[PDB]
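Each chain, letter by letter, is given below.
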Amino acid sequence: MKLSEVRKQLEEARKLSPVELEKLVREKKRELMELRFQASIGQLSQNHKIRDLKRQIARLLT
RNA sequence: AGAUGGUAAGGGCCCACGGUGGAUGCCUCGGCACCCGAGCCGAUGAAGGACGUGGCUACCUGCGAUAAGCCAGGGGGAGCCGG
Ligand SMILES: [Mg+2]
Ligand SMILES: [Mg+2]
Ligand SMILES: [Mg+2]
Ligand SMILES: [Mg+2]
Ligand SMILES: [Mg+2]
Ligand SMILES: [Mg+2]
Ligand SMILES: [Mg+2]
Ligand SMILES: [Mg+2]
Ligand SMILES: [Mg+2]
Ligand SMILES: [Mg+2]
Ligand SMILES: [Mg+2]
Ligand SMILES: [Mg+2]
Ligand SMILES: [Mg+2]
Ligand SMILES: [Mg+2]
Ligand SMILES: [Mg+2]
Ligand SMILES: [Mg+2]
Ligand SMILES: [Mg+2]
Ligand SMILES: [Mg+2]
Ligand SMILES: [Mg+2]
Ligand SMILES: [Mg+2]
Ligand SMILES: [Mg+2]
Ligand SMILES: [Mg+2]
Ligand SMILES: [Mg+2]
Ligand SMILES: [Mg+2]
Ligand SMILES: [Mg+2]
Ligand SMILES: [Mg+2]
Ligand SMILES: [Mg+2]
Ligand SMILES: [Mg+2]
Ligand SMILES: [Mg+2]
């Protein structure tokens, strides 16, 4: 159900959407990178956070 | 004095039980033939590929940096995150 929530917000992200959407994706990707480092160092993170983050970006990326 | 017997280092035939081997029977995701259907794809970049893609991933599979996936409509009604 995570989908409907964000995706609805995403056109809702039309205050300066395309621009705001880039800012957003950009932010997300940083989070993900921190996450890659998280999982990288080992003792840290628990999977899906990355899988869900990737998808969220793919949606965002529209 | 005269006259006559027994042993198996190993081998041979047979019997019993094995080892090796994968014939035979049964089985079948596959294959063959005919018939019916259907018949073009590409610069809006095809066919076919290379390298990448999973939290941990060797290969297969799917996918393409949005990477075993993104969105929307329809189906479907308890399971799901491929092998
Ligand atoms: Mg003998
Ligand atoms: Mg006997
Ligand atoms: Mg025998
Ligand atoms: Mg054998
Ligand atoms: Mg056998
Ligand atoms: Mg049988
Ligand atoms: Mg038979
Ligand atoms: Mg058959
Ligand atoms: Mg065939
Ligand atoms: Mg045949
Ligand atoms: Mg004919
Ligand atoms: Mg016809
Ligand atoms: Mg025809
Ligand atoms: Mg035609
Ligand atoms: Mg043409
Ligand atoms: Mg042509
Ligand atoms: Mg031309
Ligand atoms: Mg190809
Ligand atoms: Mg091929
Ligand atoms: Mg390919
Ligand atoms: Mg990998
Ligand atoms: Mg392949
Ligand atoms: Mg592959
Ligand atoms: Mg394929
Ligand atoms: Mg999308
Ligand atoms: Mg279950
Ligand atoms: Mg999966
Ligand atoms: Mg699993
Ligand atoms: Mg299977």
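What the entry reports as its method is X-ray crystallography, with 3.400 Å given for the resolution.

Chemist: Could you clarify how one ought to interpret the protein's contact with RNA strand B in this entry?
Modeler: The local shell around RNA strand B consists of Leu3, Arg7, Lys29, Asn47, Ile50, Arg51, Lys54, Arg55, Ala58, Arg59 and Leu61. One nitrogen or oxygen atom from the side chain of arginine 59 is found 2.8 Å from a phosphate oxygen belonging to RNA strand B. Put simply, the parts of the chain that give the surface near RNA strand B at least two residues each are α1 (2–12) and α3 (49–60). Per-element accounting of the surface near RNA strand B gives the leading share, six residues, to α3. The residue inventory of the surface near RNA strand B, partitioned by class, reads four nonpolar, one polar and six charged.

Chemist: What is the right way to look at the nonpolar core in this model?
Modeler: The tendency in soluble globular proteins is for nonpolar side chains to be buried as a group. In terms of nonpolar packing, the biggest core is built from 10 residues, these being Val6, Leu10, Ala13, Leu21, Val25, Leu32, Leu35, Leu53, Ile57 and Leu60. A total of four residues in this core trace back to one element, the largest contributor, which is helix α2 (residues 17–40). In this structure, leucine 35 is in contact with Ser45, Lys49, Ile50 and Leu53, ignoring residues within four places of it in sequence.

Chemist: Got a minute to help me understand the pattern of salt bridges in this structure?
Modeler: Close approach of charged atoms allows side chains of opposite charge to pair. Within this structure, the stated rule accounts for four salt bridges. Measuring nitrogen to oxygen at the nearest pair gives 2.7 Å for the salt bridge that ties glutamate 11 to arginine 7. In this pair, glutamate 11 and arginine 7 are both assigned in helix α1, four residues apart and thus about one turn of the helix distant. For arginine 7, a relative accessible area of 45% gives the class partly exposed. Among the salt bridges present, the one from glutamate 31 reaches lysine 28, with a minimum N-O distance of 3.9 Å. Of this pair, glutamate 31 and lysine 28 both sit in helix α2, three residues apart, which is roughly one turn of the helix. Judged by relative accessible area, which is 16%, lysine 28 ranks as buried.

Definitions and limits used
- Residues numbered from 1 in each chain as written, not as in the entry; some residues may be left out.
- Chains lettered and ligands numbered in written order.
- Part of a larger assembly, values for the part shown.
- Heavy atoms only, no water.
- Near = heavy atom within 4 Å.
- Polar contact = N/O pair within 3.5 Å; in protein donor to acceptor, adjacent residues only side chain to side chain.
- Helix = DSSP H or I, 4+ residues; strand = E, 2+ residues; numbered from the N terminus.
- Nonpolar A, V, L, I, M, F, W, Y, C, P; charged D, E, K, R; others polar.
- Core = buried A, V, L, I, M, F, W, Y, C linked by side-chain atoms within 4.5 Å.
- Buried < 20%, exposed > 50% of the residue type's maximum accessible area, 1.4 Å probe, protein only.
- Contact = heavy atoms within 4.5 Å.
- Salt bridge = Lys/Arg side-chain N within 4 Å of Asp/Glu carboxyl O.

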